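Q: Just dropping this structure here.
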Amino acid sequence: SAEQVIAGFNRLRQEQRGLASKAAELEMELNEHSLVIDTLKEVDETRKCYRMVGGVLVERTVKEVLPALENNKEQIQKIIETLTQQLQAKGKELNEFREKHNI
Amino acid sequence: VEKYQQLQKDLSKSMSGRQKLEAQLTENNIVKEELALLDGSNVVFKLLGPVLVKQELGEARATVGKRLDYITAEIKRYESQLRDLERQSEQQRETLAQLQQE
Amino acid sequence: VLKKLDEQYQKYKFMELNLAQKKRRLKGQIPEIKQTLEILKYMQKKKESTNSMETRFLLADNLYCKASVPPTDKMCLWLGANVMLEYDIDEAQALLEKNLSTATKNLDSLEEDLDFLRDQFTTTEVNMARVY
Amino acid sequence: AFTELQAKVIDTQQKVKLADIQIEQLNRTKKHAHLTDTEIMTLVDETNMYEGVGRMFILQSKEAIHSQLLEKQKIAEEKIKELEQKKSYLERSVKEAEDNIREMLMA
Amino acid sequence: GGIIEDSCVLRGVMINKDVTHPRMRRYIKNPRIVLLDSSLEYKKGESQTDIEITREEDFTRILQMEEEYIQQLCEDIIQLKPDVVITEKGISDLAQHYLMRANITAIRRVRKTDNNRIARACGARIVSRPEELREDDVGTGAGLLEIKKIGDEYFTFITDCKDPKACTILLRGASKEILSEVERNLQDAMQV
Amino acid sequence: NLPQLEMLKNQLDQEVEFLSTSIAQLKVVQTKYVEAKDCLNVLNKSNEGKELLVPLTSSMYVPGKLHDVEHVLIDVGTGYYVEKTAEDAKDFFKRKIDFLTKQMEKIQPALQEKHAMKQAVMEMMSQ
Amino acid sequence: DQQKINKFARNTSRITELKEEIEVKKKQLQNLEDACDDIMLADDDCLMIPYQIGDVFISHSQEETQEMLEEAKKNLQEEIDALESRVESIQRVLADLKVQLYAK
Amino acid sequence: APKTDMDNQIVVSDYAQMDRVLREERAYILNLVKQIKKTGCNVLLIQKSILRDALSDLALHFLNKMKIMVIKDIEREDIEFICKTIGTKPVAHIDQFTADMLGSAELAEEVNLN
């Protein structure tokens, strides 16, 4: 009847509204990786480049310090999509259980 | 009812940094120590304002004595608004409780 | 349909404010790194050591060290994500100008994401409200 | 009475929980303080190498750093076991009162 | 439940009071019902107590320091072969868990007269030096411990008493009234 | 029975988190105490004259030349700076751990009992 | 959605936006006065006066501090008033977005 | 300096105002004291602080920290006895700080003993 109609009307809406949840959620994750490379890769790396660790500021060169920002940036960007889709599929399932209570 | 909770924020407002004082109050005893512990071995500074003020023991001696006293002084301003806010929210509690029950 | 207008009425105004605050975090990282310009540009010096001044060196939170600082002309800039380089006063100048704008547009980007999320939610809602 | 028997199982419960999460990064900060040494061992020698205990990077010879930083390896190298010593007994201690809960019930 | 007909003595003291349910096994014949009396609290030093648990390895080291002295106290109990052990107040969870390591139930935080009932039930004594323990101290004779549901409640019977017998009045009423009417006149006899 | 313990359960969880939130954050304030001590440790360890890369401002850092080891801060008083002796500051770098650890650590058993007070309500709320 | 209401909210959005960067700058200017006061509190002229920028504290007389302190004020104050007439202009359209909302 | 909730005058909302009005309060009790040592005093007769409205410790600290020996907590009638018998003329004011109104003692000591 009207109980299943609201469920898909919820889940696509959960997907619909969750389009905002994943919008804000993975944003700053992308943002930090870029500003780093955006600031690093733009400015001259040509001379010696610090490997920066809290207790140890390592002296290295560009060849070492530059590629570290490229690879795991893309690697993290691959992984971050999963948890939100989980949270949204959870948001899909959880709210699918919630509208079902009060009839 | 909001009447129960109404004046408690204004209350804890004046209580908030007053608590922060009471650690400073404790460390005001310690700066009295660490001023007395400093004969000038290493520089003494009241840090007040974004400018570092070069300072002295006797300049900070009354001061830390004045601070500790003053760091006891923001206690009484809350002690003013302590029984202001907790007492009138104590009357308010019955006011809109029954009206909303009514 | 009565469902289109209100779902357009609700979300669009609802997101109109959402377009402001993501523009308010457009400018959130602006003044933060903007004050960094001054702290550099004051201490920027030529003909003498960059920041030749007196100092209490900040080693830690509870800790400082008095001294004459004066270095060469250089600044070691943190660009984030475990990468530092050693820049001189100008690379320090310009690369610091960058943490302004590229940080400015970090969560600036989520505004026009919420621009059409303002738009797309109602349209998908009303058509699904027809599915309803 | 099972109250302190239920009380001891709660306290030693959250006692042991810390030794698990720390011990692995202690191996890491062991391994990384080897690596950060290897990281400066990457470039054979430099004066612009820094090792420091704070916001200060106090300019240090990478050699004394190699010592200090393998020493910094040895710092986190040791802390794994004293946790594992924490990890060892506290796991059993929470069940000590639990052993008292259940027997008296089985009794 | 029961009825003054089937109301009849068991030796020592039949323990109703703290028993709404078995805390001491179910039925114990040879194994010794054992009174552990205060003085089961830890010693972090030899006879002493040092600083207690604070941070990581004190949880280990100190609560271990607590445990050995008690494990040392524990052994002397298990050495006399108990299974049930009734420990009145002054119990360590340290004192029980090795009694648990011997799978010998250590019954904690139970009243004095009750233990004196139990010190009259198997007629053992109350331990005056819990650091050096004897089966002559607690769990004397062969002893018995039997926790029986009669009507509603499990009833610990610590029996086969040493001390010159000992015997307590089993009072079984159908209700507690038909129980009580007897006991009140019974109270005349037991006084006479 | 149940609804009053549905109502009373509200505050006890906060009393949990009141104590849960507070104790965790004082280790952060202890971080600087050993830090500054350690920052003063390696400070005295090497010498005066080492280059000091010190925070200029965010996204940047500034170098510097260390001319004073024995010149070392303590923060006590109110807004106040006491530059202390290398051992003095260390002692307070040390000692400021000691008092703060006391106020910090006392919070953990009270954390449990607020839950033991909440958990007791949970049961009687469910029972 | 109703036209004015989107503009109303977008204008109600901007009204707050503009007085934001107005108000944040008062207490700093005020602290710049307080900073002028604090050097003036103790060690007025009687010693070196350093001034804190970054990690270095520039040694000089008393008045150079307050001069720099008074300096950032008016600068920061012009920053205050820069969005002031911008608050003026924004809500005058909002009141219209109030007027034309009930009018339409 | 003037009171609200202490010798430190405290307007109560947020703690920077009451921190800054110190610059008001602190300087005065210092200068009011600095004024005490301007004319100068070896002993200060100070009657009881309840024979006062109140006496700033902030001052009184920096007061004795300019090294003037003082007796506080003395009866004004003592002072009245003292204003006459040793001729220390009553001082209600810093204009009234004067070598005449500031009595001349041959010797002034304290004995905790005997």
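Lettering and numbering for the structure tokens are positional, with chains as A, B, ... in the shown order, residues counted from 1 in each chain, and ligands counted from 1 in the shown order.
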What residues in chain B lie within 9 Å of chain G, counting only C-alpha atoms, written as number ranges by chain?

A: B: 46-56, 59-60, 63

Q: Would you kindly return, as a ChimeraX atom specification, each protein, DNA or RNA residue with an atom no farther than 8 Å from any atom of residue 19 in chain F, considering only C-alpha atoms and excluding same-chain residues fewer than 5 positions away?

A: /F:107-108,110-111

Q: Can I get the selected residues back with N, CA and C atoms, as a short mmCIF file (atom, residue, chain, number, x, y, z; two decimals), in the first residue's frame?

A:
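Once written, part07.cif looks like this:
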data_model
loop_
_atom_site.label_atom_id
_atom_site.label_comp_id
_atom_site.auth_asym_id
_atom_site.auth_seq_id
_atom_site.Cartn_x
_atom_site.Cartn_y
_atom_site.Cartn_z
N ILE F 107 39.45 11.86 37.50
CA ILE F 107 38.19 11.92 36.79
C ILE F 107 37.76 10.54 36.31
N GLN F 108 38.72 9.62 36.14
CA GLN F 108 38.39 8.33 35.53
C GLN F 108 37.49 7.45 36.38
N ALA F 110 35.37 8.40 38.62
CA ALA F 110 34.08 9.07 38.61
C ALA F 110 33.36 8.88 37.28
N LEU F 111 34.12 8.75 36.18
CA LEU F 111 33.53 8.37 34.90
C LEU F 111 32.76 7.06 35.02
#

Q: Which residues, written as a count of residues only, have at least one atom at most 12 Å from residue 92 in chain F, with only C-alpha atoms counted and residues fewer than 2 positions away on the same chain left out?

A: 37

Q: Which residues, written as a ChimeraX atom specification, have at least one atom at most 9 Å from residue 65 in chain H, with only C-alpha atoms counted and residues fewer than 6 positions away on the same chain left out?

A: /B:58,61-62

Q: For those residues, write C-alpha atoms to a file as a PDB file, in the first residue's frame.

A:
ATOM      1  CA  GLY B  58      59.114  44.459  41.212  1.00  0.00           C
ATOM      2  CA  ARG B  61      55.771  41.541  42.008  1.00  0.00           C
ATOM      3  CA  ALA B  62      52.941  43.849  42.979  1.00  0.00           C
TER       4      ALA B  62
END

Q: Give me the residues within 7 Å of range 82-91 of chain H as a PyMOL selection string, counting only C-alpha atoms and dropping any in the same chain fewer than 4 places off.

A: chain H and resi 78+96-97+100-103

Q: Output the selection as a PDB file, in the first residue's frame - N, CA, C and O atoms for each residue.

A:
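Written output follows (result12.pdb):
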ATOM      1  N   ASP H  78      43.750  54.706  69.174  1.00  0.00           N
ATOM      2  CA  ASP H  78      45.200  54.607  69.226  1.00  0.00           C
ATOM      3  C   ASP H  78      45.832  55.729  68.421  1.00  0.00           C
ATOM      4  O   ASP H  78      46.573  56.547  68.974  1.00  0.00           O
ATOM      5  N   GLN H  96      48.056  65.840  52.998  1.00  0.00           N
ATOM      6  CA  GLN H  96      48.280  65.643  54.417  1.00  0.00           C
ATOM      7  C   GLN H  96      49.442  64.702  54.698  1.00  0.00           C
ATOM      8  O   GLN H  96      49.790  64.503  55.864  1.00  0.00           O
ATOM      9  N   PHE H  97      50.061  64.124  53.669  1.00  0.00           N
ATOM     10  CA  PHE H  97      51.384  63.546  53.848  1.00  0.00           C
ATOM     11  C   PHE H  97      52.362  64.706  53.908  1.00  0.00           C
ATOM     12  O   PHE H  97      52.605  65.377  52.898  1.00  0.00           O
ATOM     13  N   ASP H 100      55.327  67.119  59.112  1.00  0.00           N
ATOM     14  CA  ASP H 100      54.604  67.434  60.336  1.00  0.00           C
ATOM     15  C   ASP H 100      53.496  66.438  60.646  1.00  0.00           C
ATOM     16  O   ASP H 100      53.454  65.902  61.756  1.00  0.00           O
ATOM     17  N   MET H 101      52.617  66.166  59.682  1.00  0.00           N
ATOM     18  CA  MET H 101      51.572  65.168  59.827  1.00  0.00           C
ATOM     19  C   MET H 101      52.127  63.762  59.740  1.00  0.00           C
ATOM     20  O   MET H 101      51.424  62.801  60.068  1.00  0.00           O
ATOM     21  N   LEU H 102      53.371  63.618  59.311  1.00  0.00           N
ATOM     22  CA  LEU H 102      54.055  62.349  59.402  1.00  0.00           C
ATOM     23  C   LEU H 102      54.976  62.412  60.611  1.00  0.00           C
ATOM     24  O   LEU H 102      56.030  63.050  60.584  1.00  0.00           O
ATOM     25  N   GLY H 103      54.566  61.734  61.680  1.00  0.00           N
ATOM     26  CA  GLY H 103      55.215  61.887  62.963  1.00  0.00           C
ATOM     27  C   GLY H 103      56.651  61.422  62.930  1.00  0.00           C
ATOM     28  O   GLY H 103      57.032  60.529  62.183  1.00  0.00           O
TER      29      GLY H 103
END

Q: So how far away is CA of residue 81 in chain B from CA of residue 2 in chain H, in Å?

A: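 Between CA of residue 2 in chain H and CA of residue 81 in chain B the gap works out to 19.5 Å.
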
Q: Report as a list in words the set of chain H residues whose atoms approach chain G to within 8 Å, with distances computed over only C-alpha atoms.

A: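 Using only C-alpha atoms, chain H residues at most 8 Å from chain G: residues 20, 23, 26 and 27 of chain H.
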
Q: Go through range 20-103 of chain A and collect every residue that DSSP, computed from the backbone, puts in alpha helix (DSSP H); the answer should be as a short mmCIF file (atom, residue, chain, number, x, y, z; two decimals) with N, CA and C atoms, in the first residue's frame.

A:
data_model
loop_
_atom_site.label_atom_id
_atom_site.label_comp_id
_atom_site.auth_asym_id
_atom_site.auth_seq_id
_atom_site.Cartn_x
_atom_site.Cartn_y
_atom_site.Cartn_z
N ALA A 20 23.89 15.26 -0.86
CA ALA A 20 24.50 16.32 -0.07
C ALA A 20 25.45 15.78 0.99
N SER A 21 25.15 14.60 1.54
CA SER A 21 26.00 14.05 2.59
C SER A 21 27.39 13.73 2.06
N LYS A 22 27.47 13.00 0.94
CA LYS A 22 28.77 12.74 0.34
C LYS A 22 29.36 13.99 -0.29
N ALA A 23 28.52 14.99 -0.57
CA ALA A 23 29.02 16.26 -1.10
C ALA A 23 29.96 16.93 -0.10
N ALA A 24 29.51 17.06 1.15
CA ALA A 24 30.31 17.74 2.16
C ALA A 24 31.34 16.81 2.81
N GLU A 25 31.12 15.49 2.74
CA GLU A 25 31.89 14.57 3.57
C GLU A 25 33.29 14.33 3.01
N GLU A 27 34.71 16.22 0.81
CA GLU A 27 35.22 17.48 0.29
C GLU A 27 36.59 17.82 0.86
N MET A 28 36.66 18.10 2.17
CA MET A 28 37.91 18.58 2.76
C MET A 28 39.02 17.54 2.65
N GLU A 29 38.65 16.25 2.60
CA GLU A 29 39.62 15.20 2.33
C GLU A 29 40.34 15.44 1.01
N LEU A 30 39.58 15.73 -0.05
CA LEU A 30 40.18 16.15 -1.31
C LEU A 30 40.92 17.47 -1.16
N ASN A 31 40.38 18.38 -0.34
CA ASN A 31 40.90 19.74 -0.29
C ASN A 31 42.32 19.78 0.26
N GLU A 32 42.61 19.00 1.30
CA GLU A 32 43.92 19.09 1.93
C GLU A 32 45.01 18.52 1.04
N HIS A 33 44.76 17.35 0.43
CA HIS A 33 45.75 16.74 -0.45
C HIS A 33 46.15 17.68 -1.58
N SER A 34 45.20 18.48 -2.07
CA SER A 34 45.47 19.36 -3.20
C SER A 34 46.32 20.55 -2.79
N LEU A 35 45.83 21.36 -1.85
CA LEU A 35 46.57 22.53 -1.39
C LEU A 35 48.03 22.21 -1.14
N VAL A 36 48.30 21.06 -0.54
CA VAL A 36 49.68 20.63 -0.37
C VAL A 36 50.38 20.56 -1.72
N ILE A 37 49.91 19.68 -2.61
CA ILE A 37 50.54 19.53 -3.92
C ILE A 37 50.39 20.82 -4.72
N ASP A 38 49.28 21.52 -4.55
CA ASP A 38 49.07 22.78 -5.26
C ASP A 38 50.09 23.82 -4.82
N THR A 39 50.42 23.84 -3.53
CA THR A 39 51.47 24.74 -3.06
C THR A 39 52.86 24.16 -3.32
N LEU A 40 53.04 22.85 -3.14
CA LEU A 40 54.37 22.27 -3.34
C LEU A 40 54.74 22.22 -4.82
N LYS A 41 53.90 21.61 -5.65
CA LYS A 41 54.29 21.34 -7.03
C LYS A 41 54.39 22.62 -7.84
N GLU A 42 53.69 23.67 -7.43
CA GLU A 42 53.83 24.96 -8.10
C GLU A 42 55.19 25.58 -7.81
N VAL A 62 64.06 16.97 -4.08
CA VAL A 62 62.75 16.95 -4.73
C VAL A 62 62.35 15.54 -5.12
N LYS A 63 63.29 14.79 -5.70
CA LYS A 63 62.98 13.46 -6.23
C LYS A 63 62.28 12.60 -5.20
N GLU A 64 62.63 12.77 -3.93
CA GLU A 64 62.04 11.99 -2.86
C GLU A 64 60.76 12.62 -2.32
N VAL A 65 60.78 13.94 -2.12
CA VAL A 65 59.69 14.61 -1.40
C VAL A 65 58.50 14.82 -2.33
N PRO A 67 57.21 12.93 -5.14
CA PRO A 67 56.26 11.88 -5.54
C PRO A 67 55.37 11.38 -4.41
N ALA A 68 55.76 11.62 -3.15
CA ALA A 68 54.98 11.09 -2.04
C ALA A 68 53.58 11.70 -2.01
N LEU A 69 53.42 12.91 -2.52
CA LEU A 69 52.12 13.57 -2.48
C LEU A 69 51.22 13.11 -3.62
N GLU A 70 51.81 12.59 -4.70
CA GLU A 70 51.01 12.20 -5.85
C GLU A 70 50.25 10.91 -5.58
N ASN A 71 50.95 9.90 -5.07
CA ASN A 71 50.49 8.53 -5.18
C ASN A 71 49.36 8.22 -4.21
N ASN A 72 49.55 8.52 -2.92
CA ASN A 72 48.55 8.14 -1.93
C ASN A 72 47.39 9.12 -1.91
N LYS A 73 47.59 10.34 -2.43
CA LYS A 73 46.45 11.21 -2.71
C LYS A 73 45.42 10.49 -3.55
N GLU A 74 45.84 9.95 -4.70
CA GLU A 74 44.94 9.19 -5.56
C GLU A 74 44.47 7.92 -4.86
N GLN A 75 45.34 7.32 -4.05
CA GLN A 75 44.98 6.09 -3.34
C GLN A 75 43.89 6.36 -2.31
N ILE A 76 44.04 7.43 -1.53
CA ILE A 76 43.03 7.77 -0.53
C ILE A 76 41.72 8.14 -1.21
N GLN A 77 41.80 8.90 -2.31
CA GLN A 77 40.60 9.30 -3.05
C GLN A 77 39.80 8.09 -3.51
N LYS A 78 40.48 6.97 -3.75
CA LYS A 78 39.78 5.75 -4.13
C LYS A 78 39.02 5.17 -2.94
N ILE A 79 39.61 5.25 -1.75
CA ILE A 79 39.05 4.56 -0.59
C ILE A 79 37.92 5.38 0.04
N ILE A 80 37.99 6.71 -0.05
CA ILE A 80 37.08 7.55 0.71
C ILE A 80 35.64 7.39 0.24
N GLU A 81 35.43 6.99 -1.01
CA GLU A 81 34.06 6.89 -1.53
C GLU A 81 33.27 5.78 -0.84
N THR A 82 33.97 4.79 -0.27
CA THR A 82 33.28 3.60 0.21
C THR A 82 32.48 3.87 1.48
N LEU A 83 33.11 4.47 2.49
CA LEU A 83 32.46 4.63 3.79
C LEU A 83 31.19 5.45 3.68
N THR A 84 31.20 6.50 2.86
CA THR A 84 30.00 7.32 2.71
C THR A 84 28.89 6.52 2.05
N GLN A 85 29.20 5.83 0.95
CA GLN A 85 28.21 4.95 0.33
C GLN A 85 27.71 3.92 1.32
N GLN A 86 28.59 3.43 2.19
CA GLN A 86 28.13 2.62 3.32
C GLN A 86 27.20 3.43 4.22
N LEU A 87 27.67 4.58 4.71
CA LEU A 87 26.84 5.43 5.55
C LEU A 87 25.54 5.81 4.85
N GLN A 88 25.59 6.01 3.53
CA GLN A 88 24.37 6.33 2.80
C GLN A 88 23.52 5.09 2.57
N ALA A 89 24.15 3.97 2.21
CA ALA A 89 23.40 2.71 2.17
C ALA A 89 22.89 2.34 3.55
N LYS A 90 23.69 2.62 4.59
CA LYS A 90 23.14 2.58 5.94
C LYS A 90 22.05 3.63 6.10
N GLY A 91 22.33 4.87 5.71
CA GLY A 91 21.28 5.87 5.65
C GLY A 91 20.10 5.40 4.82
N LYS A 92 20.37 4.67 3.73
CA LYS A 92 19.28 4.06 2.98
C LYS A 92 18.55 3.02 3.81
N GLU A 93 19.29 2.09 4.44
CA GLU A 93 18.62 1.04 5.19
C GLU A 93 18.05 1.57 6.50
N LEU A 94 18.86 2.31 7.27
CA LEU A 94 18.40 2.80 8.57
C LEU A 94 17.09 3.56 8.45
N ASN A 95 17.06 4.58 7.59
CA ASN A 95 15.83 5.35 7.41
C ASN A 95 14.74 4.51 6.74
N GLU A 96 15.13 3.45 6.03
CA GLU A 96 14.13 2.51 5.52
C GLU A 96 13.44 1.79 6.67
N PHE A 97 14.16 1.56 7.76
CA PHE A 97 13.53 0.95 8.93
C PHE A 97 12.73 1.98 9.73
N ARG A 98 13.08 3.27 9.60
CA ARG A 98 12.51 4.27 10.51
C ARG A 98 11.10 4.69 10.09
#

Q: Any idea what's packed within 12 Å of residue 126 in chain F, counting only C-alpha atoms, ignoring anything in its chain fewer than 3 positions away? Could you give it as a PyMOL selection string?

A: chain F and resi 1-6+9+118-123

Q: Output C-alpha atoms for every residue in the selection just made, as a PDB file, in the first residue's frame.

A:
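Output (part29.pdb):
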ATOM      1  CA  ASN F   1       9.003   3.389  37.462  1.00  0.00           C
ATOM      2  CA  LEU F   2      10.134   3.212  33.857  1.00  0.00           C
ATOM      3  CA  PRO F   3       9.413   6.780  32.580  1.00  0.00           C
ATOM      4  CA  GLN F   4      11.068   8.522  35.538  1.00  0.00           C
ATOM      5  CA  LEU F   5      14.126   6.387  34.787  1.00  0.00           C
ATOM      6  CA  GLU F   6      13.607   7.263  31.141  1.00  0.00           C
ATOM      7  CA  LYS F   9      18.815   8.559  32.443  1.00  0.00           C
ATOM      8  CA  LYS F 118      23.394   5.437  34.507  1.00  0.00           C
ATOM      9  CA  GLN F 119      23.675   1.686  33.896  1.00  0.00           C
ATOM     10  CA  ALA F 120      21.791   1.143  37.158  1.00  0.00           C
ATOM     11  CA  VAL F 121      19.067   3.431  35.818  1.00  0.00           C
ATOM     12  CA  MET F 122      19.170   1.617  32.464  1.00  0.00           C
ATOM     13  CA  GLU F 123      18.282  -1.677  34.152  1.00  0.00           C
TER      14      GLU F 123
END

Q: Expressed in Å to a single decimal, how great is the separation between CA of residue 38 in chain F and CA of residue 56 in chain E?

A: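 CA of residue 38 in chain F sits 21.4 Å away from CA of residue 56 in chain E.
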
Q: What are the DSSP strand (DSSP E or B) residues of chain D, as an NGL selection string?

A: :D and (50-51 or 57-59)

Q: When you get a sec, could you note down which chain D residues fall within 8 Å of chain C, using only C-alpha atoms, as an mmCIF file with C-alpha atoms, in the first residue's frame?

A:
data_model
loop_
_atom_site.group_PDB
_atom_site.id
_atom_site.type_symbol
_atom_site.label_atom_id
_atom_site.label_comp_id
_atom_site.auth_asym_id
_atom_site.auth_seq_id
_atom_site.Cartn_x
_atom_site.Cartn_y
_atom_site.Cartn_z
ATOM 1 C CA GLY D 54 59.691 20.627 19.425
ATOM 2 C CA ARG D 55 58.571 23.430 17.125
ATOM 3 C CA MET D 56 62.250 24.312 17.264
#

Q: Have a look at D:79, D:95, D:74, D:66 and name the one nearest to chain A; count only C-alpha atoms.

A: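 Among the listed residues, the smallest separation from chain A belongs to D:66.
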
Q: When distances are computed from only C-alpha atoms, which of C:110, C:131, C:126, C:103 shows the smallest separation from residue 18 in chain C?

A: C:110

Q: Give me the residues near residue 14 in chain B as a PyMOL selection string, where near means some atom within 8 Å (using only C-alpha atoms) and where sequence neighbours in that chain fewer than 5 positions away do not count.

A: (chain B and resi 77-78+81-82) or (chain H and resi 12-14)

Q: Keeping only C-alpha atoms, take the residues you just selected and write them out as an mmCIF file, in the first residue's frame.

A:
data_model
loop_
_atom_site.group_PDB
_atom_site.id
_atom_site.type_symbol
_atom_site.label_atom_id
_atom_site.label_comp_id
_atom_site.auth_asym_id
_atom_site.auth_seq_id
_atom_site.Cartn_x
_atom_site.Cartn_y
_atom_site.Cartn_z
ATOM 1 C CA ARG B 77 31.630 39.304 40.036
ATOM 2 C CA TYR B 78 30.237 35.829 39.482
ATOM 3 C CA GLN B 81 25.685 36.981 39.258
ATOM 4 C CA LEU B 82 25.844 33.601 41.002
ATOM 5 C CA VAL H 12 30.875 41.497 34.996
ATOM 6 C CA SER H 13 30.284 40.115 31.540
ATOM 7 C CA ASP H 14 33.481 38.924 29.812
#

Q: Tell me, counting only C-alpha atoms, for each residue of chain E within 12 Å of chain F, which pair of atoms is nearest and how far apart they are in Å to one decimal, in rows ordered by chain and increasing number, as a Markdown table.

A:
| residue | atom | partner | partner_atom | distance |
| --- | --- | --- | --- | --- |
| E:53 | CA | F:105 | CA | 11.5 |
| E:54 | CA | F:105 | CA | 8.2 |
| E:55 | CA | F:105 | CA | 9.1 |

Q: Using only C-alpha atoms, which chain C residues lie at most 12 Å away from chain B, written as a list in words?

A: residues 54, 55, 56, 64, 65, 66 and 67 of chain C

Q: Using only C-alpha atoms, which of the listed residues (D:58, D:89, D:53, D:102) sits closest to chain E?

A: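 That would be D:89, the residue with the smallest distance to chain E.
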
Q: If you measure from CA of residue 26 in chain B to CA of residue 68 in chain B, what distance in Å do you get, rounded to one decimal?

A: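 Result for CA of residue 26 in chain B versus CA of residue 68 in chain B: 8.2 Å, one decimal.
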
Q: Please produce, as a Markdown table, a per-residue contact table for chain C versus chain G (criterion: any atom at most 9 Å away, only C-alpha atoms considered), showing the nearest atom pair and its distance in Å to one decimal, sorted by chain then residue number.

A:
| residue | atom | partner | partner_atom | distance |
| --- | --- | --- | --- | --- |
| C:5 | CA | G:1 | CA | 6.0 |
| C:6 | CA | G:1 | CA | 6.8 |
| C:7 | CA | G:1 | CA | 8.0 |
| C:8 | CA | G:1 | CA | 5.0 |
| C:9 | CA | G:1 | CA | 3.6 |
| C:10 | CA | G:1 | CA | 7.1 |
| C:11 | CA | G:1 | CA | 8.3 |
| C:12 | CA | G:1 | CA | 6.5 |
| C:13 | CA | G:6 | CA | 5.0 |
| C:14 | CA | G:9 | CA | 8.3 |
| C:16 | CA | G:10 | CA | 5.6 |
| C:17 | CA | G:13 | CA | 5.7 |
| C:18 | CA | G:13 | CA | 8.9 |
| C:19 | CA | G:10 | CA | 8.2 |
| C:20 | CA | G:13 | CA | 6.0 |
| C:21 | CA | G:13 | CA | 8.3 |
| C:24 | CA | G:17 | CA | 7.3 |
| C:36 | CA | G:54 | CA | 8.8 |
| C:38 | CA | G:53 | CA | 8.6 |
| C:39 | CA | G:54 | CA | 5.5 |
| C:40 | CA | G:54 | CA | 7.8 |
| C:42 | CA | G:53 | CA | 7.7 |
| C:43 | CA | G:53 | CA | 7.6 |
| C:51 | CA | G:56 | CA | 7.0 |
| C:52 | CA | G:56 | CA | 8.2 |
| C:53 | CA | G:58 | CA | 4.9 |
| C:54 | CA | G:57 | CA | 5.0 |
| C:55 | CA | G:56 | CA | 3.8 |
| C:56 | CA | G:56 | CA | 6.4 |
| C:57 | CA | G:55 | CA | 5.8 |
| C:58 | CA | G:55 | CA | 6.2 |
| C:68 | CA | G:56 | CA | 8.7 |
| C:69 | CA | G:56 | CA | 7.2 |
